[PDB]
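Just the one chain here, the form deposited in one PDB entry, laid out as C-alpha cells.
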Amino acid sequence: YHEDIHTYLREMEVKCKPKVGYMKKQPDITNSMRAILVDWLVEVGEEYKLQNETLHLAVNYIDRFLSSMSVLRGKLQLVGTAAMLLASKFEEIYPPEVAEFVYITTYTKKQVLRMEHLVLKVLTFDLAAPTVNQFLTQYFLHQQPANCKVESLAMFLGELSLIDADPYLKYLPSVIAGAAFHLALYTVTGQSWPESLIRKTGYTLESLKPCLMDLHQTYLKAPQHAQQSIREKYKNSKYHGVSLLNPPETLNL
C-alpha cells in the first residue's frame, strides 16, 4: 500500500495545511510566543514519553486552530494543552489522563475539556493530518543501507522546523521531510537525496533547495536559538545523541 498511502498523504497535506500568513493576522500573539509554546510541547512529550508523531500532530492542530481563531496570549497555552490532549488521544496507545495535562499547565480541568471540544469543532474533527514524521519514515525506507544516525538526525531537523513559524509555515510536510532527509544523510555520510526518492516524490535538490537553505541555517544556528528542548531531547541515547554532531559548513548545491 506504500504508493497509495504516499499519494493519499500528498493530497491531504495540502488540504491540512495551515494559513501561511496567520500570525500577521493575530492581534495579540507572535511567532516567538508560538515557538515558546512548541518548545514547551517538546518538554511535555519527553516528560510523558510521547511519540514524536503526537507532537507533530499537536503542532498541526495549533496552527490550524490559530489560522481561524484569534487568541489572547493568556490562552495560547490552553489551546496548546488541548491540542496535545487530542493528539495523545488520537495517536498514543496510552494517552496521559486529563489530570496530567491540567497539572503540567493554571487553567481548570473544565477549561481544558471545553477547549478540547472547541478545537474539535474548529478543526471539524479532521485530526488525521499528514506530518513531517509520517513522510520521513517512508523516505527512510530508501536508505542503502539503513543508518540510525541519519534517521535520528532527520527527525531532529524535522522537529526543529516545528519551532519556527517563519519560515516553516510556508513549506508542506513532505518538503521539509525531504530537506531534513537530505540534510541528515549528507551531514552523516556525504550522500545525497537519492534517485529513488526523486522517482517517488518528484522532488529534486532543485525543488528542495529553498527549504534546504532555511534548514541548513536553522541547523547552524541551533546552539544559539532561544529555544533548546529539541537539542536537549536529542542528546539522549534514544536518538543517538545526533544533536551533538556538527552541521556541515556548506551544502555544495
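In this text, residue numbers run from 1 along the sequence as written.
The same protein also exists as the form deposited with a partner chain bound; that form is not shown, yet it is the one meant from here on.
For the chain seen here without its partner, which of 216 to 224, 40 to 48, 181 to 189, 203 to 211 has a heavy atom within 4.5 Å of its partner chain in the bound PDB entry?
Selected range: 40 to 48.
Check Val150, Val242 and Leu245: does every one of them have a heavy atom within 4.5 Å of its partner chain in the bound PDB entry?
No, none of the three is in contact.
Does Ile198 reach its partner chain in the bound PDB entry, with heavy atoms at most 4.5 Å apart?
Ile198 lies outside the contact set for its partner chain.
Taking the shortest heavy atom distance, is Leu169 within 4.5 Å of its partner chain in the bound PDB entry?
No, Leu169 is distant from the partner.
Could you tell me if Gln143 has a non-hydrogen atom within 4.5 Å of its partner chain in the bound PDB entry?
Flag for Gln143 set to no.
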